[PDB]
Amino acid sequence: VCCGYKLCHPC
C-alpha cells in the first residue's frame, strides 16, 4: 500500500 490502497494521492 501507499496512501489508502496502492495509490500515491497526497494525504
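Using N, Cα and C of the backbone, Cβ positions are placed for all residues, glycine too.
Annotated features, as they stand in Swiss-Prot:
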DISULFID  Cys2-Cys11  disulfide bond
DISULFID  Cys3-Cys8  disulfide bond
MOD_RES   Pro10  4-hydroxyproline
- line: Cα-Cα, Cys3 (disulfide bond) versus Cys11 (disulfide bond), nearest Å, comes out at 7
Field: C-beta crowding around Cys2 (disulfide bond), within 10 angstroms
entry: 9
Statement: Counting every protein chain shown, other Cβ atoms within 10 Å of the Cβ of the residue listed as '4-hydroxyproline' number 4
- prompt: Rounded to the nearest angstrom, how far is the Cα of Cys2 (disulfide bond) from the Cα of the residue listed as '4-hydroxyproline'?
  reply: 10
Message: My understanding is the cutoff is Cβ-Cβ under 8 Å with a sequence separation of 6 or more in the same chain; which residues meet that for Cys11 (disulfide bond)?
response: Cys3, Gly4
Field: Nonlocal residues around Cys8 (disulfide bond), in sequence order (Cβ under 8 Å, 6 or more apart)
entry: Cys2
